Amino acid sequence: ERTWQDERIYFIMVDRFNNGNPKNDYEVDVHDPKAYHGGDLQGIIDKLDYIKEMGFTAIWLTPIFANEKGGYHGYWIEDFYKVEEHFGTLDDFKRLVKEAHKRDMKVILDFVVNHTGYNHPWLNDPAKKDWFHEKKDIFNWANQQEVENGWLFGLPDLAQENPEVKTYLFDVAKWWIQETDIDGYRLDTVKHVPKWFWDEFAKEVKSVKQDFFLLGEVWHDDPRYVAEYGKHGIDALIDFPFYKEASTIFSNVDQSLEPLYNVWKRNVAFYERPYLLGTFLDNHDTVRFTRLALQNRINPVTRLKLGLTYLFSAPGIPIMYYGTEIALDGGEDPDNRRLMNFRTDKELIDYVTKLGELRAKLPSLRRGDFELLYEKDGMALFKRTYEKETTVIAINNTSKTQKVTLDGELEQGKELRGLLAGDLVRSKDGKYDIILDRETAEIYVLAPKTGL
Ligand SMILES: OC[C@H]1O[C@H](O[C@H]2[C@H](O)[C@@H](O)[C@@H](O)O[C@@H]2CO)[C@H](O)[C@@H](O)[C@@H]1O
Ligand SMILES: [Ca+2]
Ligand SMILES: [Ca+2]
Ligand SMILES: [Ca+2]
Ligand SMILES: [Ca+2]
């Protein structure tokens with residue numbers, strides 16, 4: 001049976017992905033980094049086979065609801081019940097969904113309950129005076145009240161305490177599910193909205209579709225803070241603690257992988273569903289992983305191979321930001337949202353393809369436990385077991401050839417067959433000598449000894 005633990009998510013910012021219809025390019029200026037660039041829903045449909053062939057099983061779209069002027073990213077909503085006209089029509093969205101489901105892919109929409117756009121009509125409506133919290137900045141971030149009540153970046157902060165507001169938000173959450181048959185929501189700005197609302201919200205959306213999937217964006221690096229939202233009806237959480245370590249570690253050579261293993265232990269300790277954590281190297285709110293490599297004056301492709309191998313072999317739900325597969329450069333927002341280029345070399349596309357194939361094929365990578373066998377200054381060995389399958393993941397994030405001998409940590413008398421790069425390690429006198437050249441990786445399955 002397919003569960004969310006088994007999924008791999010491709011993450012698309014609609015306006016910056018693929019312009020499949022030039023006729024809806026109304027305010028487009030591709031030479032203005034703050035304008036619409038013209039990517040749309042037709043462009044997504046056009047690339048569903050591309051996405052599926054890399055092995056992704058689900059797409060998360062940035063919000064598609066009608067935005068005010070300048071809202072190319074979707075987060076400045078003007079009408080919760082309408083598709084943004086740059087992106088297409090409702091009919092186009094239903095067809096995207098249908099086309100995704102025909103290829104056995106799930107669709108998650110980015111969903112906003114915390115705020116409206118700066119210029120939403122409700123702000124000039126006296127009958128909606130009490131739909132918004134008092135207009136003030138958040139200054140004390142350690143006061144969770146203030147975090148929940150204040151206007152984030154000056155965004156009008158909806159007052160969920162008002163039952164009219166709460167009801168409008170529940171109804172529109174249900175409406176999209178009923179109308180379009182989407183598979184889940186990625187919930188924006190979760191920590192800015194009180195926990196009691198999340199419990200009710202989850203009950204409401206699952207009343208329409210019992211298996212509806214919620215993925216919460218809780219922007220924080222302390223997994224104790226993040227984990228609490230798991231207890232209020234949100235199935236899965238975005239793993240910022242993972243990202244903080246993975247982005248750093250993999251964007252330069254000779255750096256220890258051990259912090260990632262501590263992320264995992266802490267995940268098991270704090271979260272009720274520690275495999276339902278969204279893993280990533282970068283996203284729409286971060287400097288591009290490629291750019292971190294470039295800052296380090298080091299080849300981004302080799303960095304990406306190492307980081308992606310970890311992402312696709314460690315616990316959680318990998319989430320790959322569009323463009324990762326082409327080492328798309330970019331600095332801080334908005335430069336980390338460049339239009340996708342489909343006319344590049346295929347080296348990383350093919351690599352991702354193999355990683356997604358292996359994670360599909362090896363249940364230990366989706367469901368196994370996760371042990372650390374060895375880690376030294378960037379040379380790492382991990383082991384994963386599920387029922388009768390044992391895999392070993394070897395990542396040499398060092399600048400030299402490394403030989404690491406296991407002696408006891410695996411059952412004697414077998415061989416490790418390298419499924420990513422064809423390596424072969426045979427038990428010799430009960431020991432396995434794993435040799436990796438600098439900056440390479442391998443994923444082995446343990447299996448019986450073969451021979452000529
Ligand atoms: O105008 C503020 C800001 O809004 C958006 O930031 C998003 C961010 O992208 C999301 O992942 C999430 O945390 O919520 C924020 C607002 O809903 C835009 O993406 C950003 O460019 C813009 O500056
Ligand atoms: Ca367009
Ligand atoms: Ca608009
Ligand atoms: Ca709020
Ligand atoms: Ca060590």
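Sequence positions, counted from 1, serve as the residue numbers for this chain. Counting convention: from 1, in listed order, for ligands and their atoms alike.
- Taking the side chain as every heavy atom from C-beta outward, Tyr75 and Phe65 never approach each other to under 4.5 Å.
- Within the 3.5 Å criterion, the main-chain N or O of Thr248 finds a donor-acceptor partner in the side chain of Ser251.
- In summary, no N, O or S atom of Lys23 is located under 3.0 Å from the Ca ion (ligand 2).
- When atom types are taken as modelled, the side chain of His232 and the backbone of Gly230 share no donor-acceptor pair closer than 3.5 angstrom.
- Angle O (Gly38) to the Ca ion (ligand 2) to O (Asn21): 150°, rounded to 10°.
- Among the atoms of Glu375, an N, O or S atom falls under 3.0 Å of the Ca ion (ligand 5).
- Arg337 pairs in a salt bridge (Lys or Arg N to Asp or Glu O under 4.0 Å) with only one of the listed residues (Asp15, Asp285, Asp282), which is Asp285.
- Taking the Ca ion (ligand 2) as reference, the nearest N/O/S atom within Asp25 carries the name OD1.
- In summary, no N, O or S atom of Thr189 is located under 3.0 Å from the Ca ion (ligand 4).
- In this model, no donor atom of one side chain and acceptor atom of the other lie less than 3.5 Å apart for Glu389 and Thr385.
- Geometry about the Ca ion (ligand 4) gives an angle of 80° between O of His192 and O of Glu148, rounded in steps of 10 degrees.
- Here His115 fails the criterion, with no N, O or S atom under 3.0 Å of the Ca ion (ligand 4).
- In this structure a side-chain-to-backbone donor-acceptor pair under 3.5 Å is present from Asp92 to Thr89.
- Remark: at the Ca ion (ligand 4), atom OD1 from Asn114 and atom OD2 from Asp157 enclose 120°, rounded to the nearest 10 degrees.
- When the N, O or S atoms of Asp40 are ranked by distance to the Ca ion (ligand 2), OD2 comes first.
- For the atom pair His192 NE2 and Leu155 CG, the distance stands at 9.5 Å (nearest 0.5 Å).
- Residue contact annotation: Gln42 places no N/O/S atom under 3.0 Å from the Ca ion (ligand 2).
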